[PDB]
Each structure stands twice: as C-alpha cells, then as structure tokens.
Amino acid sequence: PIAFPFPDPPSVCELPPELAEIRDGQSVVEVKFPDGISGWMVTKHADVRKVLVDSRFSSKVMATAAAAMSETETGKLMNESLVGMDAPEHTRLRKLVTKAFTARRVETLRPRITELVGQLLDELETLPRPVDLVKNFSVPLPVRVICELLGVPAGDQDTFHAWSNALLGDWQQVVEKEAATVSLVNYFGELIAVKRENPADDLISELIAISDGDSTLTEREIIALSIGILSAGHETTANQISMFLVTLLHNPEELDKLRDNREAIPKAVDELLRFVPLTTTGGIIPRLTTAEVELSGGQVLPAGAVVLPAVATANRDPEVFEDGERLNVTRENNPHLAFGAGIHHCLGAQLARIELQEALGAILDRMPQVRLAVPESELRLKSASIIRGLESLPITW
C-alpha cells in the first residue's frame, strides 16, 4: 500500500519520479490515503483511458459529502454538476448544454478572445518594472473570456472579479468560497431575467431560449451550468498559462521554434497540455468502480473501489509517445489525455486551446525578449489549492 498524495519535489518543473517508477514497473498499484482507506492508481495510457472511457466506473465519489452539505450552495452545486453526474442524468445535461455550447460558437469566439488578451497586455505594458503575470494576466483572462461567452459583461465585471477570486481560494477556505458561490447564484438568477428580455449572442441567452421552449432545461440548471463552467475553466486555464510560459522559458531551444512562426502554436499548446499537468490525475476526480474490471496489464480492479487515473504520467507513456519525458513542441503524434476521455471529456477543450493559443502568440509576439525576473529556484507553487499553480510569476522584457 503506497502513501498518496506523494511528496512534492523541490522543483516546480519536475514531477514525483514515483509516478514513472510505477508506470514502468508494476504499472497498477494500490494506495492508501492518510485517512486510512485503500485505493488504486493506474498509470498506463491504455489503462488510464480505460478508466475514463469504460462505463463500469463512476464519478459519484463525492455524493455523500455533497448531501452532507447539502443546504449550502456549494453542496447543492456539487450534486448538480456534470463532472459529478453519471448514467442517463449526465447524458441529458451534456446533450442539453451542447445545443448551445458548440464548436462553432467557440470557433467564432476566437476574435474576441484575441482582443481580450491584447487589452490585458495593453495594461501589462504600463505597469511598472518586474510584473507578476499571475495577478495581472493569467488570473484575469479566463474569467473575462468565460464572461464574454456566458453573457455577463462588462460592467458587472469589477464585481464578478471579486466572486471569482474568492473561488480561487485555497480549498480549505470553505466559508469564503461558500460566500462567492451564493453571490453568483443570485447574480445569475438575475442576469437570466435581463438576458431573457434583451438577448444577445451568448451562452445564456441561448440556453434560456432553449429552456423557455419545449425542453426540461430549467433556470436552475442554467445557473449550475454557468458556474460549473466558471469553476471548471477558470483556475485551470489560469494556472496553465503561467506554468506554460515557465516551461517554455526552461526549454529555450524549444521556444525558439515558436519565435517568428505563429503557425507552430496549436501544436505547441497541445504538447504543453500533455507535458505540464494540472495534478497527478490531471484534475480528474477519482472514479470508483460500479463493478469488477480487467485491465491491459492483466490486473483486476475490484468492485466498490476508488481509482486514480494518473494522467500526469500516462501522457508520457513511451508505448504511446516516443521520447515522452521531454518537451518536443513540434510533436505531431500526441493523443494526450489532458482533457480526459469518455463522456466526461472537457466541454471546453477547444475553448481552452484557443485561449492558450491566443495567449502565447500575443506574449511571444508583443514581448519576445520576455525573461523571468529570475530565477527558476525561487518559484514556488501554491500550498493549497489542489491544481499545480504558481503563487506568482514576475517577468520582465
């Protein structure tokens, strides 16, 4: 039985070597949480992917923690989200939301997103001396963008700005997250009303129209969905941007490939998505098995058991990715699991990609001599929260 969480290595740029040790040895392992209880972790791409794709696993591992709230908004909402549903229930929702959350909407949103970035860089360029990229760019952009998509804007945004950061909270800070949540549930309750009697081209405007029409889609679901989207896409993207730049700056010979060559970027982004993970599980909530399961390597996972898809290392599996533990931004073959797989596959997978693309491009393009205001050594990740995020990222150029 192995101790999980693992040790957190010295560098922010390295991972627990314990991960590769397992993936290339026993591959499947059982683990114990402090807590005491026994779980299981899979490490192979095949296996990880099976866990997410196979329908004998369940994402209902928080179902009592949410009932045990419930009565807070936080808990009402853990019960109401996609990422926590299964079976038919999840299918109905995902289906309903995609009637408006489509690749097309997202594709068409790229131009705005470019401006949203340009603008934040326009403010970045009038701030003084070394400047923290986290506070001033990485944390704000994805909300802006989620706002633009939802139909919040654009007054209302210096308020939202508060509620949103409250949720960036270090996961222990429950009372302060519970507060913002509530402000948001009412805020969106209101926004609906106004969007209904003056729609525009945005996610909510569309959902209402669906909901008002001939469909079971209710205002509450819309609200849940709208927040689900925020929580899910905010911390996430914000962390990655910073991490990515760091990683690039760490590998200057791989970064030089993206200089003066903007068509190289979509590939670069997917390589970092692969190589630079959210967590060990790549932000994926542990699945628990609804029944017993046979794996690639022969091992069998028992029914009623917690399972950790360890995406962080499955995305370096040498069976799949040739030269996997090194960053190749030219990589053409790269079927990474950063956005998961199976029915829970990131709803914002394309959007994320666009944001990240647009962000790098703009930085490279407008601030190409961008160096860390020094140094790799001093960087430090956030104690809590859960996602691998930098506390700050002072940069100069």
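Quick note: we count residues from 1 along the sequence shown, nothing fancier.
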Per the PDB entry, mean CA B-factor is higher for 34-42 or 359-367, namely for 34-42
So which stretch wins on mean C-alpha B-factor, 224-232 or 297-305?
297-305
352, 346, 337, 62, ranked by C-alpha B-factor: the highest one:
62
Highest-ranked of 142, 153, 111, 75 once sorted by CA temperature factor in the record:
153
With respect to C-alpha B-factor, does residue 69 fall in the lowest, middle or highest third of the chain as deposited?
highest
Would you mind checking where the Cα B-factor of residue 92 ranks among the modelled residues of its chain, as the lowest, middle or highest third?
lowest
Per the entry's values, where does residue 390 land by CA temperature factor relative to the rest of its chain, in the lowest, middle or highest third?
middle
Binned into thirds over the chain's modelled residues, the C-alpha B-factor of residue 275 lands in the lowest
Residue 129 - which third its CA temperature factor falls in, relative to the rest of the chain
highest
